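Before any questions on binding or motion, here is one chain by itself as structure tokens, the form deposited without the ligand.
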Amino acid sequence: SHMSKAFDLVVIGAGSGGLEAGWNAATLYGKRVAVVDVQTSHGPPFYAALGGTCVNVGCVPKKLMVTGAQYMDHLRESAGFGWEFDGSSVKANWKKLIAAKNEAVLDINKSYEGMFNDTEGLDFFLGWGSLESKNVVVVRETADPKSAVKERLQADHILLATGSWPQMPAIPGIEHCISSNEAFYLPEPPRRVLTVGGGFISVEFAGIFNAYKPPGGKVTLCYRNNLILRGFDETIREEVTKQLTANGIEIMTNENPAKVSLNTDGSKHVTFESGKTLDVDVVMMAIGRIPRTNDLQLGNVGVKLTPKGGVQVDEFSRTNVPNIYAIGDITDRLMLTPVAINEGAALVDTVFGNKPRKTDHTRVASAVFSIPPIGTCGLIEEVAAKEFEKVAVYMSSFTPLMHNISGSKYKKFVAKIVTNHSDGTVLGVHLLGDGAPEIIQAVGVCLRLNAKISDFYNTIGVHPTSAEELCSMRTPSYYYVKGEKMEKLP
């Protein structure tokens, strides 16, 4: 038919948050739900598809890629333990990796497809959603608001969950640059590659490129200021920098690309603000991601943006427009998949359940799948020290015995616990080293339960592990007193 369809809830963007939102509303609460996305499976032209950034061009494939990359390390380090093979025969075949990543991704797409053909009151619509009015979502053939209309969807409640998009700086020859999106689809691993940025994506990808580089290859990461990974634990920022360098990656600090042009042979000639130069085969910009509001036509209903660009929301995910809600990266609070998932469930429960619920944005466990990986939950010391007269820091940082054998002496495992010293409350835990992301999950539960240093300490360690460092620390290495760092209390 040529008639519009009517829903309790339309969700725009079928990603981490939107999927959880939709599924919950239908299966839990018996609501009729519509979900809109631009593409049924991963890749060009739109990259994100059904399943979101996570599944298609994010969490899932990067983690498979980082996992592939860790074999570089494993193969070398096995020698310490008696493994002998022909080192000269060793090749890292990127196309195989990328083909296997694509098959895995596509299965997830296909199963999502399955589910929406199956579940009562959960319908999928292919196209570009925008807001026509308070209770009408329009689905057009492209982002152009003048493209043809495929559907009009009537909605009592509209959820906005279109996520984010890579930020590209406006510099000469920016068109010779890629983002993470294109990185996932490179026909060949680059011989020379520059990853611009000192954050999650740059540091994770550098690790990937570094393992898969052809012979004579070089990965370079540039960062515009002095120390990468602002927002993370200072000891950890400095350590991951040592460790990345130790594994063959050049970290250029205080350097920022000013322009890019093509050499005669087609490679990329980068000029930094400092005037320094660098030739690479690929320049990947990873300088941030921004909420995807531009195509929603929010102007039509009057949904307000933050000064920043995200949809403004209250703690309950509600926009200034009564029945229109936003979640996930589109709000630009915390950009994480399981955060987006939690926001979706809390929204749905609130709107369609009998009992309001808000997502807790503090104490969120999270990771960097760098080589080696970070795992963190809670406040860094310098932030705690601005909010508490007395702050204790417990630090353990040592090369693990397995790594005096493996030959990777530079692989210090770091475990840091941050306390309000007045009362023992654990404010933050920061880890670096193998297993950090896994160790950290349960630490999330601890912080929720208002854990204290003595709670960890009284817990009997599992031995031999890295994790047990968290449960053998009773004496602070240092303190901050009025925001002042000191070895001892006066």
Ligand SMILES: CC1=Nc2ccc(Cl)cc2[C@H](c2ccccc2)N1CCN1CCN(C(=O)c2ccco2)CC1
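Take the two forms, superpose them, and find the largest set of C-alpha atoms that agree within 1.5 Å; that set is the rigid core. Start at 1 with the first residue shown and count on from there.
Undergrad: Between 258-266 and 340-348, where do the CA atoms move more in 9 other deposited structures of this protein, taking the root mean square over the structures and residues after a core fit?
TA: Clearly, after the core fit, the stretch farther away in 9 other deposited structures of this protein is 258-266.
Undergrad: Relative to the presented form, and with the rigid core used for superposition, do the C-alpha atoms of 349-357 or of 91-99 deviate more in 9 other deposited structures of this protein?
TA: Of 349-357 and 91-99, the stretch deviating more in 9 other deposited structures of this protein is 349-357.
Undergrad: On average, which has the higher Cα B-factor in the deposited entry, 453-461 or 42-50?
TA: Per the PDB entry, the higher value belongs to 453-461.
Undergrad: Between 229-237 and 115-123, point out the one with the higher average CA B-factor as the PDB entry records it.
TA: According to the entry, 115-123 carries the higher average C-alpha B-factor.
Undergrad: Quiz for you: based on the deposited Cα B-factor, which of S366, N181, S267, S406 is highest?
TA: Among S366, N181, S267, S406, the PDB entry lists the largest C-alpha B-factor for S406.
Undergrad: Would you check the entry's CA temperature factor for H176 and let me know if it's in the chain's lowest, middle or highest third?
TA: It belongs to the middle third of the chain when residues are ordered by C-alpha B-factor.
Undergrad: Among the modelled residues of this chain, does the Cα B factor of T195 put it in the lowest, middle or highest third?
TA: Its C-alpha B-factor, which the entry lists for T195, ranks in the lowest third among residues of this chain.
Undergrad: Going by the CA temperature factor in the PDB record, which third of the chain does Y325 belong to: lowest, middle or highest?
TA: For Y325, whose C-alpha B-factor we compare with every modelled residue in the chain, the answer is the lowest third.
Undergrad: Among the modelled residues of this chain, does the Cα B factor of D423 put it in the lowest, middle or highest third?
TA: It falls in the top third of the chain.
Undergrad: Please place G163 in the lowest, middle or highest third of its chain by C-alpha B factor as given in the entry.
TA: Lowest third of the chain for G163's C-alpha B-factor.
Not on display, but discussed next: the form deposited with the ligand bound.
Undergrad: Looking at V260, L97, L244, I341, which is the one with a non-hydrogen atom within 4.5 Å of the ligand in the deposited complex?
TA: When the ligand is considered in the deposited complex, the option within 4.5 Å is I341.
Undergrad: Consider the chain as shown here, without its partner, and state which of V270, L122, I251, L298 has a heavy atom within 4.5 Å of the ligand in the deposited complex.
TA: The residue in contact is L122.
Undergrad: Using heavy atoms and a 4.5 Å limit, would one call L19 a contact residue for the ligand in the deposited complex?
TA: It does: once the ligand is placed as it appears in the deposited complex, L19 has a heavy atom within 4.5 Å of it.
Undergrad: Hey, in the deposited complex, does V55 get a heavy atom within 4.5 angstroms of the ligand?
TA: It does: once the ligand is placed as it appears in the deposited complex, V55 has a heavy atom within 4.5 Å of it.
Undergrad: My question is simply whether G51 lines the interface with the ligand in the deposited complex - judged by any non-hydrogen atom within 4.5 Å.
TA: Output for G51 is yes: heavy atoms within 4.5 Å of the ligand.
Undergrad: Although the partner isn't part of this model, could you tell me whether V321 comes within 4.5 Å of the ligand in the deposited complex, counting any heavy atom of the residue?
TA: Close contact is absent here: in the deposited complex, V321 is far from the ligand, nothing within 4.5 Å, heavy atoms only.
Undergrad: Pick from 146-154, 110-118, 352-360, 310-318: which stretch has a heavy atom within 4.5 Å of the ligand in the deposited complex?
TA: Within 4.5 Å of the partner lies stretch 110-118.
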